[PDB]
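Down below is the structure, laid out as structure tokens.
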Protein chains: 4
Amino acid sequence: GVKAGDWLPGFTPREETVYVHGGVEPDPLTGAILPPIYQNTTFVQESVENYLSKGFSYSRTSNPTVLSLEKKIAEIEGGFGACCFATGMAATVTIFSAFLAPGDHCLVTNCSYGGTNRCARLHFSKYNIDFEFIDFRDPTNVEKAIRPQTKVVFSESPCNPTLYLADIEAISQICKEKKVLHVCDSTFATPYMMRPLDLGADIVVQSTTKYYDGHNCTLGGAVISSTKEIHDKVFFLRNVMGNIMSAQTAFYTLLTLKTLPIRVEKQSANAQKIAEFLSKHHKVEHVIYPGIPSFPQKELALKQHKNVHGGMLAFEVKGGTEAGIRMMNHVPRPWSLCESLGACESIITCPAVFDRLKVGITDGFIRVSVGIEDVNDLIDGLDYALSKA
Amino acid sequence: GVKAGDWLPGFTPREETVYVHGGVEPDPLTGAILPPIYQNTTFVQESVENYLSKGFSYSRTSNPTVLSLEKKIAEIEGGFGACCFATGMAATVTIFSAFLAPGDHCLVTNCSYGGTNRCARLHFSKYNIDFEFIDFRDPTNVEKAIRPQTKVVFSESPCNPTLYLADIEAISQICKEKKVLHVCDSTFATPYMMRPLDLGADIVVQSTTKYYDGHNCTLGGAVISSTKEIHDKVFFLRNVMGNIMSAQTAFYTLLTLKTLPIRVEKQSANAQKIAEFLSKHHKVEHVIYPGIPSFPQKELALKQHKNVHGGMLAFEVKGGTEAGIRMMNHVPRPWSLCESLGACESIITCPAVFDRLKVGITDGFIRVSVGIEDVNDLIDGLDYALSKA
Amino acid sequence: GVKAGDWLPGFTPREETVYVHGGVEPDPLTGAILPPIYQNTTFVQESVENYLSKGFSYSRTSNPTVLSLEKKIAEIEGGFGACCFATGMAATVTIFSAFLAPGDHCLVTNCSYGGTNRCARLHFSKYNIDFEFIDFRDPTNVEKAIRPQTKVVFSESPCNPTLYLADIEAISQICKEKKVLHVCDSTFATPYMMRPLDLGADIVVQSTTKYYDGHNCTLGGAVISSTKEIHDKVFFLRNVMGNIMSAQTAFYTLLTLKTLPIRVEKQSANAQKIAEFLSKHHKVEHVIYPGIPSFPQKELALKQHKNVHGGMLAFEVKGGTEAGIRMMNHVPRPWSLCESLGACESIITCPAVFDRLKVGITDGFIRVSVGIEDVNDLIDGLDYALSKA
Amino acid sequence: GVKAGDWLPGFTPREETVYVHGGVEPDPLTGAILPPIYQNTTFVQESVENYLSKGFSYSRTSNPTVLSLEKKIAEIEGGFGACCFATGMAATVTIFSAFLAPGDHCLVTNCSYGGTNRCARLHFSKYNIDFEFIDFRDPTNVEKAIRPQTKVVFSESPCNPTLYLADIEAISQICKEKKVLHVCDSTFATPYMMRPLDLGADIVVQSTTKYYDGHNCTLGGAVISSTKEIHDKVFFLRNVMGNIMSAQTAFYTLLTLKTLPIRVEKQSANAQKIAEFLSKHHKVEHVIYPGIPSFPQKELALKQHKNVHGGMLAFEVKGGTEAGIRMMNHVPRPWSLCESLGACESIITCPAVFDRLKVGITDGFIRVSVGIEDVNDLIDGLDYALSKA
Ligand SMILES: *Cc1c(COP(=O)(O)O)cnc(C)c1O
Ligand SMILES: *Cc1c(COP(=O)(O)O)cnc(C)c1O
Ligand SMILES: *Cc1c(COP(=O)(O)O)cnc(C)c1O
Ligand SMILES: *Cc1c(COP(=O)(O)O)cnc(C)c1O
Ligand SMILES: *[C@H](C=C)[C@H](N)C(=O)O
Ligand SMILES: *[C@H](C=C)[C@H](N)C(=O)O
Ligand SMILES: *[C@H](C=C)[C@H](N)C(=O)O
Ligand SMILES: *[C@H](C=C)[C@H](N)C(=O)O
């Protein structure tokens with residue numbers, strides 16, 4: 001006995017259905033199929049006694065549109081709850097703010113996203129928090145570097161920009177044994193390819209700017225928590241730091257998330273073909289893509305990646321820095337020369353120009369974000385650029 | 001000589017590249033990869049003499065964000081130019097307002113979208129314009145029905161809600177011989193499946209509300225004209241009728257159009273499987289889908305549809321009206337019971353309750369718009385509803 | 001016995017309170033003090049039987065945000081109901097579309113807004129509708145020009161750009177005697193200065209673009225009807241023409257309307273001072289402003305205008321067209337040289353350059369929209385411009 | 001030589017002109033009178049060498065719409081530069097993050113906004129930063145409380161919710177002598193009433209949520225710095241913390257700031273009349289408003305407030321807590337029972353329920369934010385509620 005507008009009780013929607021509908025139901029007041037945008041700072045209360053009945057009071061603390069996105073994101077990533085932020089850096093910084101105090105130690109991948117690196121070094125370390133950067137490719141490095149003061153192990157997989165993988169299940173096992181928080185930044189992967197919470201991570205951080213948005217439209221971040229205790233700590237501190245996502249951003253991301261599976265499938269199919277083309281090009285010294293046989297962590301890629309190997313790839317042009325620069329300066333449309341990644345629009349950048357040599361970022365190293373354009377235009381443009389290297 | 005930011009000279013970008021990038025280059029002032037939203041009524045002029053240098057004066061007439069969308073739409077549909085409107089109905093009535101005058105005769109598909117039918121009968125016919133509704137399935141019917149006062153032949157394909165097809169190329173040949181304007185509403189098809197301007201139509205009308213948007217987010221319309229003379233008449237009259245699209249809607253549509261190929265591929269693959277499922281179901285009386293082998297206009301569908309047979313299908317439940325209604329009252333989530341079509345969210349519609357019998361709209365007749373959810377959830381939901389019917 | 005969140009029963013809110021709160025109450029579901037933006041095309045129905053319970057089905061026909069604005073506008077203008085449109089021209093054109101048929105006659109002010117003029121002449125007259133342009137300054141001209149075929153008398157007061165007044169109560173008396181519809185465009189006045197429905201008009205048309213918005217942000221129109229029968233006709237035809245306002249525009253206008261009284265008071269105080277300054281300047285041949293003693297319809301202005309004499313003024317520079325042009329070309333910031341009016345930003349334009357001499361628009365004639373800047377900057381800028389005339 | 005579009009050289013525009021036009025010129029590309037919304041994540045670079053020519057790379061770092069708002073805010077507040085943030089709390093915590101390090105002492109008003117108090121105690125003090133809450137009413141208290149480790153003196157004026165004043169100029173003289181940073185939160189005052197940078201403060205923090213917005217529409221924060229060195233530290237750290245304002249919020253705030261002078265004039269005139277009414281009411285125990293003659297810091301208010309005494313007031317109901325609660329449960333529309341302040345809509349707040357006794361926040365203590373409704377409706381509503389108390 002269930003009617004139009006109910007899910008059938010006892011059934012779990014399958015993956016692509018969750019991207020379309022998770023966290024959202026038609027508006028109860030009007031039936032609007034999309035939740036309205038609560039572009040609104042404050043919420044009227046029925047009486048002094050009934051404060052917070054209806055659930056809301058002030059949009060810095062929580063907002064209904066933002067909360068619909070958080071419910072969707074928690075379902076997609078497999079978490080107890082999620083908090084959404086103005087940016088991915090805000091999400092990351094809130095984890096550092098909540099879980100570290102002076103005297104604590106934090107292990108971070110040495111090939112982090114650069115911003116994560118700069119916020120650790122140039123900011124939180126003034127609170128006498130010890131950040132140690134290590135090679136997460138071997139989990140025993142993590143196990144050996146954990147101290148009694150270690151509170152957080154912060155992995156990223158694939159890693160910005162070298163696309164190293166971290167074995168998330170094994171690191172989680174180590175972190176569970178040592179009772180330390182395992183935080184994983186899986187922005188490059190997407191939950192469609194890898195869900196760190198499924199593999200035992202305690203927290204996931206996402207830049208929703210990148211693939212969740214996928215359109216170069218909005219900035220955003222999310223923290224997805226494995227437990228209520230962690231979630232409530234993140235939520236409380238978000239209210240204090242004032243870095244919640246806005247209702248309009250959340251509306252845009254509720255919309256673009258619906259297509260994340262078909263976008264990432266297309267981007268990943270394009271990236272596989274581009275990586276194969278570059279691996280045969282004589283001006284190209286090395287290609288990094290988890291889907292080609294030369295990838296050094298192929299075994300882990302096949303264990304840890306679902307569905308696809310992602311839209312990110314990297315390569316090194318022969319001839320070092322001058323050659324990388326000539327190539328960049330001649331990459332034609334439809335490519336865009338710019339920062340960011342994950343978008344329908346294909347993007348290329350040179351991480352070093354825009355030492356570093358021990359992090360993998362060699363002289364002619366190029367990070368490529370593959371979009372959903374026709375792959376022949378993308379390949380023709382790279383081939384032209386490489387003719388100038 | 002080609003540098004970053006230039007297209008390779010002498011290359012036509014491929015189709016999916018045009019969906020991503022058509023009509024848009026990075027902002028010249030800032031490099032912004034998306035054009036900014038010109039949420040702005042009026043445009044400052046540098047002098048009386050240099051009036052309309054920079055090209056804009058007032059947003060009812062033209063607006064830069066709307067103009068970017070129009071360039072993209074004209075490129076995708078293969079037209080000389082496009083005009084964007086607040087809604088598909090505004091686009092349609094602007095065509096009727098511009099190209100019909102008292103004493104004129106207009107042939108319309110008798111299976112027209114019901115709105116198009118009702119603006120003709122209940123509104124424009126008070127101006128002594130004669131609208132004749134005829135069966136467009138056989139082009140010879142069109143040729144035979146043309147009269148000395150015929151000015152417009154207004155086809156639609158597939159037709160709302162019965163999915164009858166019209167042979168656009170054959171009708172265009174007839175219209176070209178008799179010197180009559182051919183207008184085609186290809187809302188249900190999408191330029192990814194069928195481009196009437198390639199098949200000889202003089203004008204295309206689109207409800208961008210449906211598939212161009214594809215997210216239940218915005219209303220919009222577009223008129224794509226084969227020639228400059230037609231385009232300039234539409235543009236002039238849009239300014240007079242005050243029914244242009246807004247900048248914010250144009251921005252949303254510029255974003256959602258980038259994924260139209262992958263969305264329509266996913267929706268159409270889902271629709272093919274749903275239509276096969278329904279065609280085998282013992283409580284289903286008839287199934288209409290241009291891609292299943294029993295489709296009555298199979299030969300024209302294979303000639304006229306490019307990649308897919310679309311996301312729309314229709315079927316009738318055995319047991320007549322009471323069974324159709326019981327079925328629709330029990331269709332569970334992920335389905336939505338509502339009007340409209342074309343969206344990521346799958347939609348089930350009852351065309352009678354949201355004579356009718358003469359041209360297909362039967363008792364238990366159900367119009368289905370297939371979204372991008374997991375097809376197995378969609379089928380599970382219909383199978384539940386059918387078992388309750 | 002009434003509590004927080006109720007109006008006291010039996011009391012009518014006063015004028016400025018209606019601009020702040022009319023048509024809107026906190027969201028029942030969340031208490032949001034502002035209504036959320038229903039950026040949403042379609043609305044899910046509970047069952048086939050309960051179609052249109054909850055009130056909505058499709059945003060071309062009606063949308064909740066748009067309806068909140070319509071309720072506010074109907075209260076502010078004193079009408080039974082209001083319909084909102086994509087633009088003021090759409091509102092006007094819908095009145096012509098609904099109330100005129102071939103053979104009918106329509107009286108229109110000869111100093112109309114130009115667009116109204118061009119849509120009558122260059123478009124509706126092809127339906128054999130006879131538009132006659134007359135001098136509304138004397139009501140007996142209206143009474144003498146009414147024919148048995150006259151269905152609409154269309155007044156505008158103050159008139160674009162000459163600021164002639166029409167005696168709205170007297171014209172209404174004439175129209176009631178002859179049983180013809182009196183439609184008044186009171187865009188230049190605002191309901192804060194004159195409510196034609198209070199003076200017996202049957203319909204008001206507004207470009208909400210101008211003062212209701214007041215920020216050069218959105219386009220919009222409204223039709224406010226004196227009766228249910230008129231309202232329902234406008235509503236039905238809006239659904240057919242597809243020219244409804246969007247939810248986002250309605251949200252912007254729900255916000256900017258809150259300040260219309262304080263904006264228009266400031267603009268009107270500035271305009272009075274500017275008009276006094278120009279009336280003494282030796283390069284200025286004539287100044288038109290209802291608040292200065294030289295205004296020809298001063299008696300009617302004092303009868304018909306409440307609170308203020310408005311933010312619009314006009315003047316003629318000595319030396320004809322070349323002098324008007326030199327002046328325009330040298331009007332400095334904070335002035336903007338552009339079309340439109342009613343905004344926080346002061347705007348100046350020359351109507352003729354951008355015969356006409358019998359409509360009042362003389363050679364050196366300048367239409368001025370006064371904003372809310374400091375009046376000394378505005379006057380200093382005009383004085384500088386006039387030194388170049 | 002000055003032409004349309006130029007300011008007169010050597011003239012400082014007056015204050016209300018800067019609210020309308022500060023930081024914004026017509027779009028160079030199109031003449032758009034409002035800057036377009038750069039709803040856009042990343043910015044295309046023309047070459048490796050010309051990196052950050054055009055001035056933008058990524059919206060977390062800087063965005064053109066946000067930068068226009070920052071220029072306007074810096075002009076209005078009288079600063080070298082401004083940084084805009086997602087919220088006022090983000091602005092505040094960015095100040096604490098940049099200018100405090102372990103071992104540092106910080107003096108804060110004991111009547112600080114409660115959020116500011118709770119980010120200090122419950123968060124930054126875990127970094128061995130000592131926050132001391134002292135009575136800022138007498139500047140000598142500040143001078144006496146400074147210690148060798150004092151780095152920041154953080155004043156607020158008027159204070160949330162008690163409306164205590166701090167003598168900003170005297171405190172700035174003390175801070176300049178002791179070489180200590182003076183930060184002033186003048187959210188309640190608005191730059192129209194009081195500019196701390198003019199009174200010697202080193203930094204101003206604003207919740208733009210409140211009066212800059214004034215419409216309950218957006219969240220936002222701003223930090224306005226007296227020097228380049230301070231501004232560059234704030235900017236660098238905003239990029240690291242990921243808490244910048246978004247382009248859409250900056251667009252709303254650019255619009256709402258244009259009317260801040262006339263809004264605050266209207267709200268303050270209403271608040272003066274409400275405060276006089278309350279001061280005469282037999283069920284009112286105490287009334288706090290800086291403009292009524294019994295205000296305890298009347299002399300400083302007359303020295304420090306420019307045009308108005310603001311829209312905030314507070315009062316206590318006779319009969320203690322039960323009476324205050326009965327009163328608030330019966331305050332009718334147009335009042336809203338909720339958090340926040342500064343808006344067109346009048347708001348009544350209970351600060352305890354939305355120790356406290358030591359610094360003013362008594363039993364029946366009610367915080368009132370006066371909007372721009374008709375003052376007689378506002379008073380009628382309070383008089384009804386008071387009669388029920
Ligand atoms: C971009 C990014 C971030 C930072 O997110 P923003 O949204 O840019 O603040 C963090 N981690 C990774 C892997 C990232 O790519
Ligand atoms: C929906 C539709 C229309 C009308 O478009 P709106 O955007 O709803 O005004 C016209 N033709 C077809 C085939 C349609 O489906
Ligand atoms: C501007 C105007 C119009 C047209 O309104 P739009 O919003 O520009 O379509 C109609 N009447 C008057 C008096 C006007 O000023
Ligand atoms: C509201 C407020 C804040 C915090 O600003 P948010 O925008 O709510 O984060 C800081 N100071 C005062 C005085 C405030 O009123
Ligand atoms: C980070 C820029 C600060 C950006 N997302 C990138 O990786 O390019
Ligand atoms: C038309 C509603 C008036 C709608 N697009 C439909 O066909 O459902
Ligand atoms: C009309 C332009 C077509 C505009 N509102 C004006 O009067 O300037
Ligand atoms: C703060 C809520 C956390 C709010 N601006 C208030 O003081 O009401």
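Labeling convention for the structure tokens: chains A, B, ... as they appear, residues from 1 per chain, ligands from 1 in order of appearance.
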Define the interface residues of chain C facing chain D as those within 6 Å, counting only C-alpha atoms, and report them as a list in words.
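Applying the cut-off to the listed atoms yields residues 3, 4, 5, 6, 7, 16, 17, 329, 330, 331, 332, 333, 373 and 374 of chain C.
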Go ahead and save the residues from that selection, with N, CA, C and O atoms, as a compact mmCIF listing (two decimals), in the first residue's frame.
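Saved to out29.txt:
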```txt
# COMPACT_ATOMS: atom_id res chain seq x y z
N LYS C 3 -1.62 35.88 17.92
CA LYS C 3 -0.28 35.57 18.38
C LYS C 3 0.73 36.04 17.32
O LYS C 3 0.37 36.46 16.21
N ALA C 4 2.01 35.99 17.69
CA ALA C 4 3.11 36.24 16.78
C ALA C 4 2.85 35.59 15.41
O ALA C 4 2.41 34.45 15.33
N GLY C 5 3.07 36.34 14.35
CA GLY C 5 2.92 35.81 13.00
C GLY C 5 1.56 36.03 12.36
O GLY C 5 1.41 35.70 11.17
N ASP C 6 0.57 36.54 13.11
CA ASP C 6 -0.75 36.93 12.60
C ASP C 6 -0.78 38.44 12.42
O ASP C 6 -0.23 39.17 13.25
N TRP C 7 -1.48 38.91 11.38
CA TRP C 7 -1.96 40.28 11.40
C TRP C 7 -3.11 40.37 12.41
O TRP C 7 -3.81 39.39 12.65
N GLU C 16 3.24 52.19 3.65
CA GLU C 16 4.62 51.69 3.58
C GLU C 16 4.74 50.26 4.10
O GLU C 16 5.57 49.48 3.60
N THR C 17 3.85 49.88 5.01
CA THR C 17 3.84 48.49 5.47
C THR C 17 3.48 47.55 4.33
O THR C 17 4.07 46.46 4.20
N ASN C 329 26.62 64.94 -25.04
CA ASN C 329 27.93 64.34 -25.19
C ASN C 329 28.86 64.76 -24.07
O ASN C 329 29.92 64.15 -23.92
N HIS C 330 28.51 65.81 -23.32
CA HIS C 330 29.36 66.23 -22.22
C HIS C 330 28.71 66.10 -20.84
O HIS C 330 29.17 66.74 -19.90
N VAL C 331 27.67 65.28 -20.67
CA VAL C 331 27.11 65.18 -19.33
C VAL C 331 28.00 64.21 -18.55
O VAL C 331 28.20 63.06 -18.97
N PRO C 332 28.64 64.63 -17.46
CA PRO C 332 29.60 63.77 -16.78
C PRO C 332 28.91 62.84 -15.78
O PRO C 332 27.74 63.01 -15.45
N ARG C 333 29.69 61.85 -15.31
CA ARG C 333 29.28 61.08 -14.14
C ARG C 333 29.02 62.04 -12.98
O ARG C 333 29.73 63.05 -12.83
N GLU C 373 21.40 59.92 -6.07
CA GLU C 373 22.72 60.43 -5.77
C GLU C 373 22.59 61.76 -5.03
O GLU C 373 21.50 62.35 -4.93
N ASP C 374 23.73 62.26 -4.56
CA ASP C 374 23.71 63.60 -3.98
C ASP C 374 23.32 64.65 -5.05
O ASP C 374 23.89 64.69 -6.14
```
Residues at most 6 Å from ligand 5, using only C-alpha atoms and all ligand atoms? Could they come as JSON, numbers by chain?
{"A": [115, 339, 340]}
May I have a table of the residues of chain A lying at most 10 Å from ligand 8, giving each one's closest pair of atoms and their distance in Å to one decimal, counting only C-alpha atoms and all ligand atoms, ordered by chain and ascending residue number, as CSV?
```
residue,atom,partner,partner_atom_place_in_ligand_line,distance
A:41,CA,ligand 8,5 (N),9.1
A:42,CA,ligand 8,8 (O),8.5
A:57,CA,ligand 8,2 (C),8.2
A:58,CA,ligand 8,2 (C),6.4
A:59,CA,ligand 8,2 (C),8.9
A:60,CA,ligand 8,3 (C),7.3
A:61,CA,ligand 8,3 (C),7.2
A:239,CA,ligand 8,3 (C),8.2
A:240,CA,ligand 8,3 (C),8.8
A:242,CA,ligand 8,3 (C),9.8
```
Name the residues of segment 102-309 of chain D that fall into helix (DSSP H, G or I) according to DSSP on the backbone, using the chain letters and numbers of this document, as JSON, numbers by chain.
{"D": [114, 115, 116, 117, 118, 119, 120, 121, 122, 124, 125, 126, 127, 139, 140, 141, 142, 143, 144, 145, 168, 169, 170, 171, 172, 173, 174, 175, 176, 177, 178, 228, 229, 230, 231, 232, 233, 234, 235, 236, 237, 238, 239, 240, 241, 247, 248, 249, 250, 251, 252, 253, 254, 255, 256, 257, 260, 261, 262, 263, 264, 265, 266, 267, 268, 269, 270, 271, 272, 273, 274, 275, 276, 277, 278, 279, 280, 298, 299, 300, 301, 302, 303, 304]}
Could you produce a table of the residues of chain B lying within 10 Å of ligand 6, with the nearest pair of atoms per residue and their separation in Å rounded to one decimal, using only C-alpha atoms and all ligand atoms, ordered by chain and increasing residue number, as JSON lines?
```
{"residue": "B:88", "atom": "CA", "partner": "ligand 6", "partner_atom_place_in_ligand_line": "5 (N)", "distance": 8.9}
{"residue": "B:89", "atom": "CA", "partner": "ligand 6", "partner_atom_place_in_ligand_line": "3 (C)", "distance": 9.1}
{"residue": "B:113", "atom": "CA", "partner": "ligand 6", "partner_atom_place_in_ligand_line": "7 (O)", "distance": 6.7}
{"residue": "B:114", "atom": "CA", "partner": "ligand 6", "partner_atom_place_in_ligand_line": "1 (C)", "distance": 7.2}
{"residue": "B:115", "atom": "CA", "partner": "ligand 6", "partner_atom_place_in_ligand_line": "3 (C)", "distance": 5.9}
{"residue": "B:116", "atom": "CA", "partner": "ligand 6", "partner_atom_place_in_ligand_line": "1 (C)", "distance": 9.4}
{"residue": "B:160", "atom": "CA", "partner": "ligand 6", "partner_atom_place_in_ligand_line": "7 (O)", "distance": 6.8}
{"residue": "B:161", "atom": "CA", "partner": "ligand 6", "partner_atom_place_in_ligand_line": "7 (O)", "distance": 7.4}
{"residue": "B:187", "atom": "CA", "partner": "ligand 6", "partner_atom_place_in_ligand_line": "5 (N)", "distance": 10.0}
{"residue": "B:207", "atom": "CA", "partner": "ligand 6", "partner_atom_place_in_ligand_line": "5 (N)", "distance": 8.4}
{"residue": "B:209", "atom": "CA", "partner": "ligand 6", "partner_atom_place_in_ligand_line": "5 (N)", "distance": 8.1}
{"residue": "B:210", "atom": "CA", "partner": "ligand 6", "partner_atom_place_in_ligand_line": "5 (N)", "distance": 7.5}
{"residue": "B:219", "atom": "CA", "partner": "ligand 6", "partner_atom_place_in_ligand_line": "5 (N)", "distance": 9.8}
{"residue": "B:338", "atom": "CA", "partner": "ligand 6", "partner_atom_place_in_ligand_line": "8 (O)", "distance": 7.3}
{"residue": "B:339", "atom": "CA", "partner": "ligand 6", "partner_atom_place_in_ligand_line": "8 (O)", "distance": 3.6}
{"residue": "B:340", "atom": "CA", "partner": "ligand 6", "partner_atom_place_in_ligand_line": "8 (O)", "distance": 3.5}
{"residue": "B:341", "atom": "CA", "partner": "ligand 6", "partner_atom_place_in_ligand_line": "8 (O)", "distance": 6.3}
{"residue": "B:342", "atom": "CA", "partner": "ligand 6", "partner_atom_place_in_ligand_line": "5 (N)", "distance": 9.3}
{"residue": "B:347", "atom": "CA", "partner": "ligand 6", "partner_atom_place_in_ligand_line": "8 (O)", "distance": 9.4}
{"residue": "B:348", "atom": "CA", "partner": "ligand 6", "partner_atom_place_in_ligand_line": "8 (O)", "distance": 9.4}
{"residue": "B:349", "atom": "CA", "partner": "ligand 6", "partner_atom_place_in_ligand_line": "8 (O)", "distance": 7.0}
{"residue": "B:350", "atom": "CA", "partner": "ligand 6", "partner_atom_place_in_ligand_line": "8 (O)", "distance": 8.9}
{"residue": "B:351", "atom": "CA", "partner": "ligand 6", "partner_atom_place_in_ligand_line": "8 (O)", "distance": 7.6}
{"residue": "B:354", "atom": "CA", "partner": "ligand 6", "partner_atom_place_in_ligand_line": "8 (O)", "distance": 7.5}
{"residue": "B:367", "atom": "CA", "partner": "ligand 6", "partner_atom_place_in_ligand_line": "8 (O)", "distance": 8.9}
{"residue": "B:369", "atom": "CA", "partner": "ligand 6", "partner_atom_place_in_ligand_line": "8 (O)", "distance": 9.6}
```
Give me the residues near residue 287 of chain B as a PyMOL selection string, where near means some atom within 9 Å (using only C-alpha atoms) and where sequence neighbours in that chain fewer than 5 positions away do not count.
chain B and resi 275-276+278-279+292+294-295+313-316
Might you pull out every residue within 7 Å of residue 135 of chain C, with only C-alpha atoms counted and same-chain residues fewer than 5 positions away left off, and present them as an MDAnalysis selection string?
chainID C and resid 109:110 141
Selection to disk with N, CA, C and O atoms, as a compact mmCIF listing (two decimals), in the first residue's frame:
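File produced: result03.txt:
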```
# COMPACT_ATOMS: atom_id res chain seq x y z
N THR C 109 -3.16 57.72 -26.18
CA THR C 109 -2.48 59.01 -26.08
C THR C 109 -1.50 59.17 -27.22
O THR C 109 -0.78 58.23 -27.55
N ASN C 110 -1.43 60.38 -27.80
CA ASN C 110 -0.47 60.58 -28.88
C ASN C 110 0.96 60.76 -28.39
O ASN C 110 1.90 60.62 -29.18
N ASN C 141 -11.83 65.60 -25.61
CA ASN C 141 -11.28 64.91 -26.79
C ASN C 141 -11.55 63.41 -26.73
O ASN C 141 -11.92 62.80 -27.75
```
